[PDB]
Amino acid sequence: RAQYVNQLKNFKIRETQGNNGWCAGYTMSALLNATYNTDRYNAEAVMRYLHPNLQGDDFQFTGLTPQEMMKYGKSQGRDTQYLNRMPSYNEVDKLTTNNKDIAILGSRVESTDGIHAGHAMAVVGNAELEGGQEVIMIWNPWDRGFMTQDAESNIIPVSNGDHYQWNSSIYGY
């Protein structure tokens, strides 16, 4: 379907997110595993590192702030940077070529509640489909595969039917 594909060369899906709030741990572990070419990172261990004192339900379900995500990157030797938007196709291409990882900070469009839940996902790279469409490839931690995201759209339709707006990004993992 694509005749240009640029992906982080060692990205692999090793674990998936079930009944927990560790999406940002999933995301950062997969990115850091890809860029360092390792398997030392995993969601639970990242969350334990950032939340050493939580146990029980609080440890199971408390996620990470952007600040915590940024501090984890820096702790692991990476010059991570906040981007208060979604990158362009071009920006993903360049980052990907440079073996730098991108974390997606999104929020749910749907809301029963008036609360719009936060979610973190990983960029895997970018491609040009036959016919010219520019797409960014995304790993939602829930999933055993990748989504193809129109690079002009900042709404990500996810595998349970929900929609997440790609609000911001942390690049440089």
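Residue positions are given as counts along the sequence shown, with the first one as 1.
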Practice problem: Between 87 to 95 and 72 to 80, name whichever shows the higher mean Cα B factor according to the PDB entry. | Solution: 72 to 80
Practice problem: Could you check the entry and say whether 139 to 147 or 104 to 112 has the higher mean CA B-factor? | Solution: 104 to 112
Exercise. Could you check 27, 38, 62, 126 and tell me which one carries the biggest Cα B-factor in the deposited entry?
Key: 38
Quiz item: If you rank the chain by CA B-factor, which third does residue 7 end up in: lowest, middle or highest?
Solution: highest
